[PDB]
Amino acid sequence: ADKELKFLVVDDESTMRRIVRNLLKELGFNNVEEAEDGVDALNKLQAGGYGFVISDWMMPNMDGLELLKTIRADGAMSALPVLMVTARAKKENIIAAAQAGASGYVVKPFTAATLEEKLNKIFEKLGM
């Protein structure tokens, strides 16, 4: 994928956003911004320019399932790639997110290899 792709990394834990941003940097992506919840994320997204979202689920203000649904319903954002990266592990959770339009789903804790693999899986699917 284009190394100028602009990422939005969303999680209410600074430590997890830091993991994800440093992983992206290793993969060659430096155009990366952070958001602390679904509302914060939508503000950044409405500001424009974003090509990929990586999002947690459990967050105050607006959770990641609601954030995914909001993105998928919005005509200006509807095809935006959204990778869920979450501790939510039940099959029912994966189903709700997949059916809501998740591009991919990674369960915490995850390895560097898993993130790279699942990001590349989305790039291939979308022809990026």
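One-based numbering along the sequence shown.
As the entry records it, the average C-alpha temperature factor is higher for 43-51, out of 43-51 and 64-72.
In the deposited coordinates, the residue among 85, 82, 89, 98 with the greatest CA B-factor is 89. In the PDB entry, a CA B factor belonging to the highest third of its chain's modelled residues is recorded for residue 111. Per the PDB record, residue ranking by Cα B-factor puts residue 93 in the middle third of the chain. Remark: residue 8 belongs to the lowest third of its chain, ranked by C-alpha B-factor as recorded.
Among all modelled residues in its chain, residue 102 ranks in the lowest third by Cα B-factor. For residue 34, the recorded CA B-factor ranks within the middle third of the chain. Only modelled residues enter the ranking.
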